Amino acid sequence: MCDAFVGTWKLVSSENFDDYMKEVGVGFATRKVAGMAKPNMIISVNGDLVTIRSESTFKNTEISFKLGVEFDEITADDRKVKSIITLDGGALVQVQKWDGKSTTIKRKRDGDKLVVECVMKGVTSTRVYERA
């Protein structure tokens, strides 16, 4: 399950992430630190349970989830959200909902890349990772 996503991924490019974070509501200082971070993303699967870790000097976070089962999450910027992650067309699609708001984070395999597209109210950020 989700075999293609398994690995340790290193950030190679980031586009429009500051604007994305502004739209989400991330504070100025936090945006500054999060933006200069070069996280690794470590994805693993154990049976039906997927784990995604994000590691950097900014923060270390981890989520463990089952596809299609809503779960509670504290994000790296300290929002308490309800998250649902689905596999749609080979892409892992995560929707986070909080305070009447929503954002979508799509993780897709493209060649030897993992491409992460984050969208909120039509503001989009794209982060590309490659295997470490």
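Each residue number is its position in the shown sequence, starting from 1. What we label the rigid core is the largest C-alpha set whose atoms superpose within 1.5 Å from one form to the other.
**Student:** Give, as the answer, the stretch of 53-61 and 100-108 that departs more from the shown form in 9 other deposited structures of this protein; the measure is RMS Cα distance after a core fit.
**Tutor:** Most displaced of the pair in 9 other deposited structures of this protein: 53-61.
**Student:** Taking the recorded C-alpha temperature factors, which stretch has the higher mean, 88-96 or 55-63?
**Tutor:** Comparing 88-96 with 55-63, the higher mean C-alpha B-factor belongs to 55-63.
**Student:** Quick check: 99-107 versus 29-37, which has the larger average CA B-factor in the record?
**Tutor:** Higher mean C-alpha B-factor: 29-37.
**Student:** Among the modelled residues of this chain, does the Cα B factor of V116 put it in the lowest, middle or highest third?
**Tutor:** For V116, whose C-alpha B-factor we compare with every modelled residue in the chain, the answer is the lowest third.
**Student:** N46: which third of its chain by C-alpha temperature factor?
**Tutor:** It falls in the top third of the chain.
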